[PDB]
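Written below as structure tokens is the structure these notes are about.
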Amino acid sequence: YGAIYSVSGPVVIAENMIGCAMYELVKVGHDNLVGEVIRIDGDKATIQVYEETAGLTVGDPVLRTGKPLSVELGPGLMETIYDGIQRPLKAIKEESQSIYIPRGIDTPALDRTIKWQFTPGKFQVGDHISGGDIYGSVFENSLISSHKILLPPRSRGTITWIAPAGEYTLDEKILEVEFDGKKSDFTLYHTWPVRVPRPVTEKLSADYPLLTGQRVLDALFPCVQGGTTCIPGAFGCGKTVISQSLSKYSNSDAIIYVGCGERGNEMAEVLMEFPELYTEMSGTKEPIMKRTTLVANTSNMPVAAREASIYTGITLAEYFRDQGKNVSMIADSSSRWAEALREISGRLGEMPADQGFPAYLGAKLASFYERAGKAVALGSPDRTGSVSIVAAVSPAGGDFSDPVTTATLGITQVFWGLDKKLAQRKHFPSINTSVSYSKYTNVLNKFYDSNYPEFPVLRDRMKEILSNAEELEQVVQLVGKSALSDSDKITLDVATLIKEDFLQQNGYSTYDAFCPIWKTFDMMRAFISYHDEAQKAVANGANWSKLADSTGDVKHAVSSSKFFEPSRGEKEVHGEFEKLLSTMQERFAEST
Amino acid sequence: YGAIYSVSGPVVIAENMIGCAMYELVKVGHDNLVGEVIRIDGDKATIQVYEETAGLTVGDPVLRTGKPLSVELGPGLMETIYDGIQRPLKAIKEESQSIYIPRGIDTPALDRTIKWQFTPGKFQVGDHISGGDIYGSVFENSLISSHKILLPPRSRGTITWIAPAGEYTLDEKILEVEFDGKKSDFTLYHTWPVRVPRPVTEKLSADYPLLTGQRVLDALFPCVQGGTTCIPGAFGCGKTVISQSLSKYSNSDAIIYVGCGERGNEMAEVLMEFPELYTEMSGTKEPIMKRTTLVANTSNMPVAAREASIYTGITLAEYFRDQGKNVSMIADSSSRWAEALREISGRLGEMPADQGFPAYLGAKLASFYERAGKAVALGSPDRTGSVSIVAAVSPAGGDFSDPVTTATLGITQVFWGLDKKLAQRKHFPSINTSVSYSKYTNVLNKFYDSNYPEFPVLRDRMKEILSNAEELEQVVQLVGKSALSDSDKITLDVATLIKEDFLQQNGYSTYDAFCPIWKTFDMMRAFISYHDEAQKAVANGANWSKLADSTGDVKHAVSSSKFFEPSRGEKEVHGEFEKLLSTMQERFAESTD
Amino acid sequence: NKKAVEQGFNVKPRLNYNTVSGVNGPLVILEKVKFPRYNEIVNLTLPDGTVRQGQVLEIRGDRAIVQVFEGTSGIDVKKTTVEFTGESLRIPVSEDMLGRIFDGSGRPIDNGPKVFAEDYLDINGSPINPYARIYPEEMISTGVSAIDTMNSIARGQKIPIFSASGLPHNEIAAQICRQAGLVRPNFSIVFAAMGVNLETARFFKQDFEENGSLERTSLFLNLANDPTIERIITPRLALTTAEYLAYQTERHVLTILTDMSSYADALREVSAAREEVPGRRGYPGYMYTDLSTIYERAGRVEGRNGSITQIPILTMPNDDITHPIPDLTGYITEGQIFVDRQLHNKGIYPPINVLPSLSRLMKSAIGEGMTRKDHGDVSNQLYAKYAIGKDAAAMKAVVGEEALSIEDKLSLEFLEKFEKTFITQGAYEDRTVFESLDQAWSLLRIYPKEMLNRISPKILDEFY
Amino acid sequence: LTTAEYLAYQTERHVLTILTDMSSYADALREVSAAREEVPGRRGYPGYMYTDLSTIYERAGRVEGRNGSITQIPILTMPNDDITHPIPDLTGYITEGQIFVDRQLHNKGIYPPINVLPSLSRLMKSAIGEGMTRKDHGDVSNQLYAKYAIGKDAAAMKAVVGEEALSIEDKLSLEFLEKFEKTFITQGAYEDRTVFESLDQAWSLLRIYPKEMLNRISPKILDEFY
Amino acid sequence: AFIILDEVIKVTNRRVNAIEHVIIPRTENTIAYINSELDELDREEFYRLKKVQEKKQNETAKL
Amino acid sequence: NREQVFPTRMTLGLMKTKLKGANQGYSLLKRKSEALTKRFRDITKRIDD
Ligand SMILES: Nc1ncnc2c1ncn2[C@@H]1O[C@H](COP(=O)(O)OP(=O)(O)O)[C@@H](O)[C@H]1O
């Protein structure tokens, strides 16, 4: 064991540590404070103590752990709250009986007192097992049943003994491996270095969309499973709406919500809102908490925990991807993580890059985002999981010139650009269609042309009509609105109809919330078919005002098409649209 | 001989080196890499190495040569390309049989095998010969003929034996001076420390213009033979092309092109283009390359060698001035020298000045630019040489607020500031007429009075036109052209014509590669006369809108005057310009009648 | 014959040092080293068995400052064995690389065998003798008109592509890579992906296979998830392979170094670890020389038919030319193909903005027999009228179309039919230089001969 | 904050911690951070000032098990009235609102010199409600802010397009702004106004406009009040 | 009144467009440049202080 | 594209205040143009009558 030699703020220099590697967590002091080895110098080892460092007398024993910053992956991490350093907040509250976090508390990250129903997999004794191979399954909840038990990715060998089906707790030998001698003695959980990306067999192309459920996000600026997005995350812009929509409606079978440095009462709001969120799964109404874990991390928490929050969240999402479950990691205010990184760099004395951020900010951001993507999980049996990152960017000072925002916008392929003015205009979800973009549209052709063929052409048509509507609005601001042509007036009216009954979605109404892909495609078909019929009628020589007066009924039907309840099923909804679309074509023709 | 003790990029702190002087030259490493001492701390003397330090090992012997960085001067300097240190690139390539610069090549600075036709000077045996006296001329080439062999500036005494006329190699003794009983043997070549400026009898005011041949330069911001010049500007502005069009066609007798931190293909272009151009001077069509020597230290070649390349170039220029030649040294990318200094200081750990540069950058640049200037040579016979320095400062990011640019503007008397915005439009040479200046305009009155008396008047008149129209265009860009008067509209049109047909000079074109002083003066007169006569016509009552259509022919003839090839002769082009002026006057008279 | 290889047919033992006297950031400081060699690749052996390479950077007597490419995470003082190879980093090159996919450090990742080396070459390379250089006068019929007729590409040209974060630099660089061909008579290609995301890596690795180039392209893919410092040696490895191919097997190599801004960021993240002089914007002072060591490994050499073209794709941060990476890249290289965010938003492909674009080898490789005699004058006239159109468009946006003169209205028409019918081009549509010049003349015929103040009278008479 | 934590969690009572001159606290942090050998950060203030201010601010808020609550109102001095200064920037990041004291208002002589256009409270919607304060508060504050912004715009517009050319809404809004800054924001140093009395004064101000001009007010609120 | 008002409207719209497309872009670019220059100066001062701190720490270690 | 103002903290503040003033003047003049063009439309209608 080591010993303290010098303390100066967070950094602790410990003597008698020959044999400690960098980034290895060492239990500093008598209270077993956790700290990471920053640098070594002979027998000394500079340690960055995570928690408050006041009260460490020199000579205090420092225990080595031998592992880098590690996240404990296993059954039981679902439906529980962690900090950045993977400390279970609920367990800390229960154990300490104090509303604070006691200094140096070491409650294990996974409840070792819980008994799990382990059912062994196809692997039997004498069968070669490699890292990532599934040898069991644990019924963990009602939403994430069949929680697989992977072999640790860096471990390989041959099975010498596998536990039979039954009820087990963690830290209990569930399987033993012999590899070139010695034994493994694995448990239901394994620890993984957080900063090291989890290995996969192959990183596939992200060809399947992440249906957020919102019409605009699922139609105009789509996200693919395994795709990385960005969100302005302004005060009241609707980031809460986007995160809740993803969590309770997205295709992802597991959600990781990391709070890397957000305000304390904002975190209280999140922690009191997610348990109240109920996701209607296949069976019945089930809590969204059984599929979502939260790395809740207020700005009071240690700066090392804040800087490692996103890494811990992405490692949990990677672990769930290795189980074949599509994950949707949501990062809240990644600029706060960047600020934590800047604070750590300032402590370490590293020279500043652009705008004071550390030199490796872009490198760290790129290496973190590159973990997101649909990848075939390591080992047998073959299974194709995915991790998709939805990281709010939360610009510093309300400007998109910050280096963290620039790097995030250069790395992420989707930017759902929430606008404060749109939010104030009561136009939920406040998605500014003129700044938002998604570079996954080209890739999503392999899915659209297979499921809903006309959908990309429809989306391009509405992007064109919205740009033309912006131009027409500029023209009508410059001069009188009556100076516009009949075609321009028809385009402007259709675009206003779109902005009022297609993009603008109520998150509380039963009909409006969670518009599926089929309903979105059918509504898009209806809207653009109405616009095309109006354009054809205008080209036929009919007056625009008279045509609008005659086809007001068709316009009302188109606008009310938003209220077509998706609960009736895709077959019923598609049939309703065909009748609704047929009337629009008929009325817009005979009215001339 | 010491030993290497630490290597960190281009610094080699060598231990066991008691006795090495500052700026002494050492042979660091087994390959005998050339290095200079810059800091001494007891035994360990910190060495900067003018060669790739990769592969150096601690304990590699370093030999103290006992002499500061010395460039060999004499015949054979001309028509050759050199590395940063004085090494011939041709000889290096032929010795290595390869296309790479091997580490530690020690080829002789000047070709020893080639024999030169030495012809003794006025000095006879027994006559006292002081430093810098001429005791013979060697026939270098058809253009730099009579490469007069100076005595070393520090050498003095009486001649004991001077070689008779004939053919001699450089190693052959040519003259032996007896001084206080200690005879010293002199040859065709003499080494010289690059840091130490070559002595001269007395500097002189530079009263003759370095005719760059480019209209904007030698008509608005003249440079005199012996004046420091600076060409700031971002990448693509045209500093290198201005430098090349100056070294291709200036009136300088000899030229020392220095590619301190330049591109390799630029030096290759010079090597293939200079032999294909001929200078009308010396009464024959001798090639340009017979009068230019090149010091190529490209950007990727060792960082420390950039300073050596600059100092070697300026020392060669100083030697050719002491000979009596109007040299024009061109330091391409002089900011790369500043960056080399910054890199070496960063290796040393020295405290930085503004923007990473060392605190002595301004002093080094000032001492380098003070080497220029017309000066009477050191010894008999009376000689009046001149060194003109035209260094292209390359600002970081295109902003002239760079420390190297400021420390260069504080010392240079000319400032040919280039504009990136004009560079983009191919408006070339893109000289920013707003900020560019030349402090030699007052000095050049004594020359413009003797030749082209109206030149200064036209220069101030065109500067007035350009400034007035720049201010007017600035106003119009925000207030519209509605409020302009007819005179203001004429000023706008005339200055647009000036910028697009006179100031712009399309180099790499047959007609406008070299617009000499007489054609520049005639074109300048044509433009000024067009402006003055248009303003007189509008003052006479003729509307400018109708006058533009009436005199489009005259305007196009004026704009097409730049197409008069200067090769037609001074008499021919002057006659064509006189005819054009007569046609212009007749056209305005007919229009205003 | 080849007796040089036999001289290296020997065995040399290596010293394994378990004497790591500390480590700080990416720097491993050794001790008790026996005659350390500056810049010697060193194979560390971590306690867990992982082998991390590293090269010595400072050799203060009996001590070596070893920087490890893969990072120091996990390096222990009492367990790591640091083994000195005794020679600078060398890539095993051969003619069999062409068609293989390598990792950032050159270790193949295409499930293929190790490179059956024909020779080992130091990755740093050596400065080509400027007397041995040849000025590249052989113009490349790139296919894109905005490059072929303006900002022309010669053979040994080293002309980077400047582009913003989201602009289609990869699509353009693939089009240049697939259509490039000498105008008046294929290119072996060498790739170096530095920090590109998997989407871009797969796009290039698939476009090469689609066009059949992959039979003659060696890829050095150093993605985002690869170690940050390995991006320092990835372009040196790619250029050393390209230098071997071109200057020794006499092939014409078209080197592509994607995301050079990632390499510059790697330089900054390494320099900031050594507390070096911070240059400008945090990039090290020596970054000019660091980028020059990369870019200058291009151009033809005397006596050898090979030639290395470079197209280092660059991602300008915030689309600013004044940034240190694009600024120093413009100073070092011999051109730039400025891909414009404004043009991309306008919808033009390729979004090449010719005004900031440049090519310093276009004063050569133009005219006479290299191309039509009208090329040199027509390109300048197009530049002049494009700039006039841009200025008149600004004046129109300020004061209104009523105040635009006849020349300004002509400039607006020329600019419109220029951006929308001359810069624009199909992704797979290649235009010969003669056809591009004919389209340029069709555009120029908007103006009368009088207004074309840049075209020489002879060229106007012969071609207008 | 330790006194606040004690009295508000160990004891069951509410606390309103008021911290004065966080600029002085930041200067003190700078003095100690440079009392060591640490290099100054972004503006002289240490690079870890975000953590050093978060550890002070965040020790507040309601708690599940305790009936007490710490509410912080850190008084803060903006040097040169620059919001982008590190202390105001970090306090804006960590805290949950911004109350601005306006130099222009103070010079005009409006005590207390709060300008409500920039100032906001994120958690207002959790405080103003039916059970907390009058049920009109949510609509009244929004209408008041909108009308104050309109009045500021009209006051700017009068000097350029004449007083008589303003619309009826702007003409009423000028009088509303005058009777607002002179009566509502203006408040004696010893004048304590209950939230209900402040809302009554707000309604007395809002009665200037016709019932159809109060766009932001809900129709039910207009029917009950006004 | 029509002619005068039309002239004044043309002048005012010209000024509005000029402010929107010249003054605001020029001033925003100038703010960006000045902020970048100030950041560069702060970085240079940081490097100088870091060098001073390194020298002081080395001297303290040597003592 | 940018002025030649020497970068200093005082200059940055002055130029930020200038930007705020220019934005306020832009909004004011846009609203003035809107009011005067409404009056211009009214005057045109009266001219026709
Ligand atoms: N006077 C000129 N005439 C013709 N072309 C020029 C002129 N000046 C510059 N150029 C062009 O500029 C390019 C070289 O610019 P250069 O001088 O190298 O700028 P930099 O030194 O900043 O790189 C060449 O392609 C050449 O065509």
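Protein chains in written order, with the deposited numbering: chain F, 24 to 615; chain S, 24 to 616; chain H, 12 to 196, 207 to 485; chain G, 260 to 485; chain U, 155 to 217; chain L, 4 to 52. Virtual Cβ for every residue (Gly too), placed ideally from N, Cα, C.
At 8 Å on the CB atoms, spell out the chain L contacts of residue 102(U), in chain order.
Chain U is shown from 155 up to 217; residue 102(U) falls before or after that span and cannot be answered.
Taking Cβ positions only, does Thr76(F) come closer than 8 Å to chain G?
no
Got a sec: does ligand 1 put a non-hydrogen atom nearer than 7 Å to the Cβ of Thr321(S)?
no
Distance check for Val239(S) and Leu526(S), CA to CA, integer angstroms please.
5 Å
Anything in the region 11-33 of chain L with a Cβ closer than 9 Å to a Cβ of chain U? List those residues in chain order, please.
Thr11, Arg12, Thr14, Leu15, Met18, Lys19, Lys21, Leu22, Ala25, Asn26, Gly28, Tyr29, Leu32 and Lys33
I'd like to confirm the pairing. Which residues does DSSP put opposite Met150(H) in its beta bridges?
In the DSSP output, where bridge partners are listed per residue, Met150(H) has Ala165(H).
Closer than 8 Å, CB to CB, is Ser582(S) near chain B or not?
Of the protein chains in this structure, namely F, S, H, G, U and L, none is chain B.
Does DSSP put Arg482(S) in a helix, in a strand, or in coil?
helix
Indicate whether the contact test is met: 3 or more Cβ pairs, each with one atom in the region 156-166 of chain H and one in the region 287-296 of chain H, closer than 8 Å.
Too few Cβ pairs lie closer than 8 Å, so no.
Cβ-based neighbour list, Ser207(S), same chain, cut-off 6 Å, excluding 5 preceding and 5 following:
So the list reads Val200, once near-sequence residues are dropped.
Does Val298(G) get closer than 8 Å to chain U when you measure Cβ to Cβ?
yes
Residue range of the alpha helix (DSSP H) that includes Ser332(S):
Per DSSP, the continuous alpha helix (DSSP H) segment holding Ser332(S) begins and ends at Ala328 to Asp345.
Would you mind telling me which residues of chain H sit closer than 9 Å to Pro220(F), beta carbon to beta carbon, in chain order?
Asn246
Local conformation of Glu285(S) per DSSP, three classes:
strand
If we cut at 8 Å on Cβ distances, does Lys205(U) have a partner in chain S?
It does: the Cβ of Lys205(U) has a partner Cβ on chain S nearer than 8 Å.
Am I right that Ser356(F) and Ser266(F) are in contact with their C-beta atoms under 8 Å? What's the rounded C-beta distance?
Not confirmed; about 11 Å, so no contact.
Using a beta-carbon distance below 8 Å, is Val162(U) in contact with chain S?
Contact with chain S is absent for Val162(U), since none of that chain's Cβ atoms lies less than 8 Å from the residue's Cβ.
Pull out every residue of the region 191-203 of chain U whose Cβ sits closer than 9 Å to any Cβ of chain F, in chain order.
Those residues of the region 191-203 of chain U that come within reach of chain F (Cβ to Cβ, closer than 9 Å) are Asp193, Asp196, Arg197, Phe200 and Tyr201.
Go ahead and pull the three-state DSSP assignment for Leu382(G).
coil
Cα separation between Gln447(S) and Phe258(S)?
10 Å
Ligand 1 and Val264(S): does the residue's C-beta get closer than 7 Å to at least one heavy atom of that ligand?
Under cutoff, so the answer is yes.
Among the residues of its own chain, which have a CB less than 7 Å from the CB of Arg177(F), if the five just before and after it don't count?
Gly154
Could you check what DSSP says for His273(H) in three-state terms: helix, strand or coil?
strand
Completely contained alpha helix (DSSP H) runs for the region 508-577 of chain S, where each covers 4 or more residues:
Secondary structure within the region 508-577 of chain S: the alpha helix (DSSP H) runs of 4 or more consecutive residues, fully enclosed, are 509-521, 540-562 and 567-573 (chain order).
Would the beta-carbon of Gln528(S) be found less than 7 Å away from any heavy atom of ligand 1?
yes
Can you give me the Cβ contacts of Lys462(F) inside the same chain, cut-off strictly under 8 Å, excluding the 5 residues immediately before and after it?
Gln436 and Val437
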